[PDB]
Amino acid sequence: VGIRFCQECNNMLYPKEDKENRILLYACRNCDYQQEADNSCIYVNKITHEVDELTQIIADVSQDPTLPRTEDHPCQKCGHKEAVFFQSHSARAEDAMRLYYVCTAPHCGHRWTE
Amino acid sequence: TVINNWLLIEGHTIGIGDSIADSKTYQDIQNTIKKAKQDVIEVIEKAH
Ligand SMILES: [Zn+2]
Ligand SMILES: [Zn+2]
């Protein structure tokens, strides 16, 4: 799901239905080029945003010297004691105080939440 | 008039001794501030 682009002209594909046949396809209007679709979903909308931020937050924040860091919570894979923690940044959730943790070592990009 | 002219005898003032309290009162205040900060720390840890 998300955008796919036509090969002939590098423009947006958008969907059309094969009227005689009942199969959906993607057709770029700027040309004749077509694709019977793999994405049986055309539009999805995550209204409640229950999603955890682990993909948005990233390992390099471990290098921030103004962030707090504790030895209490160990990393899962390596178990290095030092792990920097910080709050959420999602504006819109049923909760607003949970802590996101990142492993502090230069060679262990690993992350968790409590 | 009469009460100003009487106040001429007793006088009134303010000073440092009016603002310094007892050492036990200071200890009580410090203890209260300590438990209060500890309680706020406990609340923060509960939210965490
Ligand atoms: Zn095209
Ligand atoms: Zn780790």
# chains A, B, ... in the order shown; residues from 1 in each chain; ligands from 1
>>> residues_around(residues="residue 111 (chain A)", least_positions_apart="6", cutoff="10 Å", atoms="only C-alpha atoms", output="PyMOL selection string")
chain A and resi 54-55+57-59+75-76+83-85+100-104
>>> write_last_selection(atoms="N, CA, C and O atoms", output="mmCIF file, in the first residue's frame")
data_model
loop_
_atom_site.group_PDB
_atom_site.id
_atom_site.type_symbol
_atom_site.label_atom_id
_atom_site.label_comp_id
_atom_site.auth_asym_id
_atom_site.auth_seq_id
_atom_site.Cartn_x
_atom_site.Cartn_y
_atom_site.Cartn_z
ATOM 1 N N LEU A 54 8.205 2.975 17.648
ATOM 2 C CA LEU A 54 9.557 2.421 17.637
ATOM 3 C C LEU A 54 10.262 2.650 16.306
ATOM 4 O O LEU A 54 11.492 2.776 16.270
ATOM 5 N N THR A 55 9.510 2.704 15.207
ATOM 6 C CA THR A 55 10.109 2.932 13.897
ATOM 7 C C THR A 55 10.489 4.391 13.673
ATOM 8 O O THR A 55 11.434 4.670 12.927
ATOM 9 N N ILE A 57 11.482 6.706 16.092
ATOM 10 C CA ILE A 57 12.660 6.965 16.920
ATOM 11 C C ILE A 57 13.832 6.146 16.371
ATOM 12 O O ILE A 57 13.630 5.082 15.788
ATOM 13 N N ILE A 58 15.063 6.626 16.529
ATOM 14 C CA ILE A 58 16.217 6.045 15.831
ATOM 15 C C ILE A 58 17.464 6.004 16.706
ATOM 16 O O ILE A 58 17.623 6.790 17.638
ATOM 17 N N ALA A 59 18.357 5.062 16.403
ATOM 18 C CA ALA A 59 19.506 4.748 17.237
ATOM 19 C C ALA A 59 20.415 5.954 17.505
ATOM 20 O O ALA A 59 21.037 6.008 18.563
ATOM 21 N N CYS A 75 19.312 -3.847 28.017
ATOM 22 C CA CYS A 75 18.936 -4.256 26.672
ATOM 23 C C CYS A 75 18.719 -5.766 26.596
ATOM 24 O O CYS A 75 19.293 -6.542 27.364
ATOM 25 N N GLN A 76 17.862 -6.177 25.659
ATOM 26 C CA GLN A 76 17.482 -7.582 25.532
ATOM 27 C C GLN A 76 18.585 -8.416 24.886
ATOM 28 O O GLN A 76 18.940 -9.485 25.393
ATOM 29 N N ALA A 83 21.241 2.808 29.137
ATOM 30 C CA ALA A 83 20.168 2.976 28.161
ATOM 31 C C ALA A 83 19.517 4.331 28.390
ATOM 32 O O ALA A 83 18.999 4.591 29.480
ATOM 33 N N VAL A 84 19.547 5.190 27.372
ATOM 34 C CA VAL A 84 18.917 6.504 27.467
ATOM 35 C C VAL A 84 17.410 6.366 27.296
ATOM 36 O O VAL A 84 16.927 5.544 26.513
ATOM 37 N N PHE A 85 16.650 7.143 28.066
ATOM 38 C CA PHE A 85 15.198 7.102 28.006
ATOM 39 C C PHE A 85 14.629 8.495 27.783
ATOM 40 O O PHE A 85 15.236 9.501 28.159
ATOM 41 N N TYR A 100 10.347 5.665 26.145
ATOM 42 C CA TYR A 100 11.031 4.939 25.088
ATOM 43 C C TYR A 100 12.512 4.872 25.440
ATOM 44 O O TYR A 100 13.112 5.892 25.811
ATOM 45 N N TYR A 101 13.109 3.696 25.319
ATOM 46 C CA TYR A 101 14.483 3.431 25.724
ATOM 47 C C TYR A 101 15.331 3.040 24.520
ATOM 48 O O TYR A 101 14.870 2.296 23.652
ATOM 49 N N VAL A 102 16.580 3.500 24.485
ATOM 50 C CA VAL A 102 17.554 3.162 23.441
ATOM 51 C C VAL A 102 18.864 2.720 24.083
ATOM 52 O O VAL A 102 19.365 3.364 25.002
ATOM 53 N N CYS A 103 19.440 1.626 23.599
ATOM 54 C CA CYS A 103 20.694 1.083 24.115
ATOM 55 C C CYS A 103 21.864 2.036 23.806
ATOM 56 O O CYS A 103 21.977 2.538 22.690
ATOM 57 N N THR A 104 22.717 2.335 24.790
ATOM 58 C CA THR A 104 23.685 3.445 24.663
ATOM 59 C C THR A 104 24.997 3.083 23.956
ATOM 60 O O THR A 104 25.716 3.980 23.520
#
>>> interface_residues(of="chain B", to="chain A", cutoff="10 Å", atoms="only C-alpha atoms", output="JSON, numbers by chain")
{"B": [44, 47, 48]}
>>> write_last_selection(atoms="C-alpha atoms", output="mmCIF file, in the first residue's frame")
data_model
loop_
_atom_site.group_PDB
_atom_site.id
_atom_site.type_symbol
_atom_site.label_atom_id
_atom_site.label_comp_id
_atom_site.auth_asym_id
_atom_site.auth_seq_id
_atom_site.Cartn_x
_atom_site.Cartn_y
_atom_site.Cartn_z
ATOM 1 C CA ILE B 44 6.550 10.594 38.561
ATOM 2 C CA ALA B 47 3.442 7.666 35.698
ATOM 3 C CA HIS B 48 6.693 6.403 34.137
#
>>> residues_near_ligand(ligand="ligand 2", cutoff="7 Å", atoms="only C-alpha atoms and all ligand atoms", output="list in words")
residues 75, 76, 77, 78, 79, 80, 103, 105, 108, 109 and 110 of chain A
>>> residues_near_ligand(ligand="ligand 1", cutoff="9 Å", atoms="only C-alpha atoms and all ligand atoms", output="PyMOL selection string")
chain A and resi 5-13+27-34
>>> atom_distance(atom1="CA of residue 24 (chain A)", atom2="CA of residue 2 (chain A)")
16.2 Å
>>> select_by_dssp(residues="chain B", states="helix (DSSP H, G or I)", output="VMD selection string")
chain B and resid 2 to 10 23 to 47
